[PDB]
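Asker: Take a look at this one; I'll ask things after.
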Amino acid sequence: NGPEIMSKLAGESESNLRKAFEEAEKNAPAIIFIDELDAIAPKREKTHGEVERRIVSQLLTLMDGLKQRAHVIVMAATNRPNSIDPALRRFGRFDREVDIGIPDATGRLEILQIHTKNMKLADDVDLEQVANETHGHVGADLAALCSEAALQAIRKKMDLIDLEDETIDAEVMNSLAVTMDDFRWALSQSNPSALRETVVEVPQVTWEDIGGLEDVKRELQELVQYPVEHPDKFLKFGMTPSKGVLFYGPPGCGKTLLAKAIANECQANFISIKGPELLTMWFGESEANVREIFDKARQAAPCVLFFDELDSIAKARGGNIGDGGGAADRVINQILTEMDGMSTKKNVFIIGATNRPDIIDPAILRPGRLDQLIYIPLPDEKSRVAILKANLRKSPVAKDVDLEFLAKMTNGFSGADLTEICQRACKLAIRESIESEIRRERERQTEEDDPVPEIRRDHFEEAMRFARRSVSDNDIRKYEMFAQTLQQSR
Amino acid sequence: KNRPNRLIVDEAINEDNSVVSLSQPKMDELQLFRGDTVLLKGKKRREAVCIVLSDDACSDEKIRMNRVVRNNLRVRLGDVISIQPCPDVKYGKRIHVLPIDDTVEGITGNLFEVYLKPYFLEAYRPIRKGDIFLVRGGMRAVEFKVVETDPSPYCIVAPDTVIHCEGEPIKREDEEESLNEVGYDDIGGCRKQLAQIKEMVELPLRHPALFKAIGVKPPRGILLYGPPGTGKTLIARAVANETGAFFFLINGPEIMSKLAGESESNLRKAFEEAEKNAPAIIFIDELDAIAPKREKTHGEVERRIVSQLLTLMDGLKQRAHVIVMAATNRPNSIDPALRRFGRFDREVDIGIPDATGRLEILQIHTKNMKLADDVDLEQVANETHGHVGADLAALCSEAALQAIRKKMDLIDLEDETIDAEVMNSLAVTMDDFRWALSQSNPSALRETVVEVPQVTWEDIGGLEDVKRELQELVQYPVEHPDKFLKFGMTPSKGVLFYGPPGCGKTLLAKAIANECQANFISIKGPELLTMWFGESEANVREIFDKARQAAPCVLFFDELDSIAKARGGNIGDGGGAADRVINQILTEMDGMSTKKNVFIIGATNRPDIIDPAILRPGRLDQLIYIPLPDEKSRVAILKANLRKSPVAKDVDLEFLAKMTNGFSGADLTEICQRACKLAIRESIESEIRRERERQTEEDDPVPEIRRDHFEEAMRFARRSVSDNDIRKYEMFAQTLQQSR
Ligand SMILES: Nc1ncnc2c1ncn2[C@@H]1O[C@H](COP(=O)(O)OP(=O)(O)O)[C@@H](O)[C@H]1O
Ligand SMILES: Nc1ncnc2c1ncn2[C@@H]1O[C@H](COP(=O)(O)OP(=O)(O)O)[C@@H](O)[C@H]1O
Ligand SMILES: Nc1ncnc2c1ncn2[C@@H]1O[C@H](COP(=O)(O)OP(=O)(O)O)[C@@H](O)[C@H]1O
């Protein structure tokens, strides 16, 4: 381990580093595990002392004295790959790199089952709730969560009931169940999640959730799945695959939803890069770390990179006019340079998105880059009904709700606004239920409990008064004006 | 004989060293009345005699007793005792008490007539042989042990029984501790922080054997941080003394002042010594001096010291009987290799006390000062905004030293040195505190304040629909989230108050933070402009981190459009939407824990120039328009602002409301304050006239603001808001669901 080597004197740290390798080579086959590698061998300029460089060189020459032996394997642990001396990450020394990374809902459920394996939980505790409510926790936090939950479940009772008794009884200790509220307490407070990192996983929205756009389904399925399934046809006909799409359209019609769905069906990871992230990299003026993202993509292949709000840099730089009025910027140039010079077949599929398709610089849709432009249209009646029922599919709804009349009534509304209508109708329903809870709580003396958990037509027909058209007519018109600049009428 | 006589000790609210407080169900169950002498048997065949009184905030197994009787019974807080009622003697014969040599040093004169004389007057208190009690006075606390009790073993106060006690200081027995040490009672403020530390170290330190019968890892790294001078070492000493664990103290400079090998040896010796005497606490204070940031280690020996501390902290996962607490100043000032799981995983923020906490600290330090009656500690506690515990300690010491330097030293002319009874006859004045608090005490605070505010719903005038909307948006979810789960709706975690300047946005947010009984972190407009101008927008994340260290909170990002309004407003710097700090606010808001009860509230005076990416769903999006107040609300505004000032009957608030229209509440408060200014000026003219009497009881300066002041200062009323302001506000309203 790193600190233990750096806590000794110079010659003695050299001797321990030598002794470890020779001892482990004596007892072949062996594994040597050096953890906290970035403490023992940091970056070159970060070695302010002299003894540090001698320790790094000693580790280097021992690692190069191991090409003779085939019975020793050396595994090391770091925090990020660009945090150690680049002389170590070369062929013959440290050539395989494995990224452990963050678990997901299934993985978090796995870890919680590991740590509560002998805890004697009650029946009401639902680990799925916890696993869905621990977004941003890694294994050590879940271990701390389980230990803290047990300690809460031993501090509030059955210690201050041990009054007649002096110490813990075995059978008493076994009779310790935990509640869902105990987990709600431990998970609510005192556990700061240790994650501000980008998440890479298989998403959970599927094709049944997006409403409509079935031609776009049979196009995305083609563009993503057709090549990677069976590339023999592409070889017989000699066509390179397209490694990009550019969704352009009005704001809030399901671009993110569509990309997450096509990442779901393909059963590949999904690295999302928001708009604020691009603005952060432009404002701090450190556009270098963009390459890191792509590197991360190649460490988690296959992926669907989703460069959402790709025009945000342009729209923040005066939009049409401002700063001379050129085309390219820092981060978009770096995206071009990283996209062009990447491995032509890894199943890494870059997907853009934009709300203003004209202000994006024309050098991005030249062939060999993301070029297969797809216009996401404003949803219509047969798709509006699907949108509405898919969003209501998680909420109770009665029979008198006329989704046909709802569709016919609302036109030129984006799906985001319809979801706003649904959620605000549910908000009014929630408010009505809390008024019913206060009335039936304020009983005459203070089993007719049912708060009517069914959202009646009144809520929808009242919250429909708060429906607002987020999209004008000239929006659709300039979108058609961009459409005619494509193969439709030109 | 087990059931009625077992309860657990806890903290006290009363200050008398003889009263024990029990809840009402137990005292009617136990068949006990007020005043009854009762007896407590504890550990190690020890006894305690006590008068009992009634209290409210307890359960049916909790007993509240002060530290003196708690140490008299040889038990500690959180343990169990046995409680039996006895019959009363209702007299005494000849008691005898002795002083302790450890407490009495440099006391001249006799201790009897000055201390024991006023103590047993009209307060019937029972005592037992062999106890230890404490008396406060003359800026000291003196211990007294009862040696001989003539009529019974336990005898109540009885003024016929004089005290014959003229003896030498008796040697304090070496197994028992003094009561001038530190305990939970000797820490003012920090109720929540003591709650967290007391629940964190109850089981490993009180019940060590329990953690040999289960595989469960208790937390072993605790990191205390807060401003310097907030008494962090004091908390550790307290917790050590109250759990009875061994306390070792390492400090930063002392380790860095030795040679290399010897600093390594002391750091090793401390851990092995404290591990020998389990259960123990190791307290390393000034952690940021012994283990700073990586790039800030210019030497080589520093890195060896940090690595030695690291490998000792990782050699402690085997042992469960050692806890390591450290103290720093801010969490991002130490090596990030320490703030990881297994080494320093729990972090506690002490922080600044508030008015109640400052009152607590001032009561702690003036506990034996013999103040006069006119001094009002509430005035001081309201007038010490920006002081932490060390400054209040310096304030009390400086006030006492002022109250001993201007008189009764230069009256000691015939006398040579200080007399005991003379020293006891030292009262302090409110003016003395005004002097000490006015000058020579630079407050050591430029930090953001986090606390529960003090304005309430009765102060804002009008806007009752906005009350029943904010109550919904803030309180509805956190009260009972079951309904939201049945209907599957995510809570809204934001509001955006938009409206004219000075109609009570800050007041409204502070009120909704008050009723919810949550902290309130305010982020002004100048702060955003500072972070944009210095171009260090990174530390915005720190603010949010602070929010999650003080949860629940109400972040109030006041003047959210100030960055835009300083960047040319409508036109300037190309003319985009987003800026640095607002982007950083989006990135920190989106990627935060979706349920912590951290509620972000914006505010703005120009709702159109704010960039449209902030009110997209999943962020602050529930826009609320704060309207210009009307008649029924103007009267409420006016009476609420006048509610702290004397006002007569002839003031026509109805005519005042009808007369002033299109005026924002800020301007009406300006009218009120300027009317009071004219009233003050008139009163000073009356004071000069009646001071310039004919020879130089008709004193009354007429402390009643007549109608003349209001009707004259009403000539200086100015409309801060035009008509086109209200019109473009309605133009923003029609861009919402009203008419679109
Ligand atoms: N076809 C659709 N099916 C289901 N939900 C949709 C659909 N279109 C939009 N939504 C709603 O819109 C939101 C996604 O908006 P999105 O398209 O990501 O915005 P943007 O275009 O700014 O990226 C989701 O909350 C979702 O509820
Ligand atoms: N909450 C508090 N209650 C009582 N005293 C306090 C409190 N906060 C600070 N003080 C006082 O301020 C001082 C804090 O300084 P510090 O350096 O922590 O003390 P120490 O001398 O123990 O290292 C102590 O003298 C303590 O009496
Ligand atoms: N409804 C109200 N009730 C009581 N006081 C108010 C009210 N509205 C405004 N005030 C006065 O206005 C001031 C607060 O102004 P504020 O709304 O914070 O300004 P801004 O809108 O620039 O943030 C306070 O001094 C308060 O006296």
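Along the chain as shown, residues are numbered 1 onward.
This deposition comes from electron microscopy, 3.9 Å.
Each Cβ is built from the backbone N, Cα and C atoms, and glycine gets one as well.
Taken from Swiss-Prot, the feature ATP 1 binding site applies to B:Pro228, B:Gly229, B:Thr230, B:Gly231, B:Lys232, B:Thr233, B:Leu234, B:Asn329, B:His365, supported by experimental evidence. The annotation ATP 2 binding site is assigned in Swiss-Prot to B:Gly502, B:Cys503, B:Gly504, B:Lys505, B:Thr506, B:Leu507. Residues or ranges marked as phosphoserine in Swiss-Prot: B:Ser18, B:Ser443, B:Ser683. Positions annotated as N6,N6,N6-trimethyllysine by Swiss-Prot, on the basis of experimental evidence: B:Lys296. Annotation source Swiss-Prot lists phosphothreonine at B:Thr417. Taken from Swiss-Prot, the feature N6-acetyllysine applies to B:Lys483, B:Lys486, B:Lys649, B:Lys728, supported by similarity to another entry. Taken from Swiss-Prot, the feature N6-succinyllysine covers B:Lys649.
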Asker: CA-CA, which of the recorded positions B:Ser18, B:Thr417, B:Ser443, B:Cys503, B:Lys505 lies nearest B:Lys232 (ATP 1 binding site)?
Answerer: B:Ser443
Asker: Out of B:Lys296, B:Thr506, B:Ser683, which of these recorded positions is nearest B:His365 (ATP 1 binding site) by C-alpha distance?
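Answerer: That would be B:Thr506, the closest of B:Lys296, B:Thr506, B:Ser683 to B:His365 (ATP 1 binding site).
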Asker: Would you please pick out, from the binding-site residues B:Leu234, B:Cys503, the one with the fewest other Cβ atoms within 10 Å of its Cβ?
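Answerer: With the binding-site residues B:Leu234, B:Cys503, fewest surrounding Cβ atoms within 10 Å: B:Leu234.
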Asker: What three-state class does DSSP give B:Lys296 (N6,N6,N6-trimethyllysine)?
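Answerer: B:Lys296 (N6,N6,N6-trimethyllysine) sits in coil per DSSP, no helix or strand.
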Asker: Of B:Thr230, B:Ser443, B:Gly504, B:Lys505, which is closest to the residue listed as 'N6-succinyllysine' if I measure between C-alpha atoms? They're all recorded positions.
Answerer: B:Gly504
Asker: Highest CB neighbour count within 10 A among the recorded positions B:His365, B:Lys728?
Answerer: B:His365
Asker: Among the binding-site residues listed here, B:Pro228, B:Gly502, B:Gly504, whose Cβ has the fewest other Cβ atoms inside 10 Å?
Answerer: B:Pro228
Asker: Any of the recorded positions B:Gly502, B:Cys503, B:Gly504, B:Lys505, B:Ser683 with a C-beta atom under 6 A from ligand 3? Give them in order, or none.
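Answerer: If the test is a Cβ under 6 Å from any atom of ligand 3, the answer is B:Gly502, B:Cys503, B:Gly504, B:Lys505.
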Asker: Which recorded positions of B:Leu234, B:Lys486, B:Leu507, B:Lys728 contact ligand 2 in the sense of C-beta under 6 Å?
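Answerer: Checking each Cβ against ligand 2, the ones under 6 Å are B:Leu234.
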Asker: Taking only the Cα atoms, work out how far B:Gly502 (ATP 2 binding site) lies from B:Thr230 (ATP 1 binding site), in Å, as a whole number.
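Answerer: Distance between the two Cα atoms comes out at 36 Å.
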Asker: Counting other Cβ atoms within 10 Å of each Cβ, which of the modified residues B:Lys483, B:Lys486, B:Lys649 scores lowest?
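Answerer: Selected from the modified residues B:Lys483, B:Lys486, B:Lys649 on minimum Cβ neighbours within 10 Å: B:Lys649.
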Asker: Quick one: of the recorded positions B:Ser443, B:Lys486, B:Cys503, B:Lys505, which has its CA closest to the CA of B:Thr230 (ATP 1 binding site)?
Answerer: B:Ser443
Asker: Counting other CB atoms within 10 A of each CB, which of the recorded positions B:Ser18, B:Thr230, B:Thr417, B:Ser443, B:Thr506 comes out lowest?
Answerer: B:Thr417
Asker: Provide the three-state secondary structure of B:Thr230 (ATP 1 binding site) computed with DSSP.
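Answerer: DSSP assigns B:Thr230 (ATP 1 binding site) to coil.
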Asker: Name, in the order they occur in the sequence, the residues of the same chain whose CB lies under 8 A from the CB of B:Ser683 (phosphoserine) and which sit 6 or more residues away.
Answerer: B:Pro701, B:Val702, B:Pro703
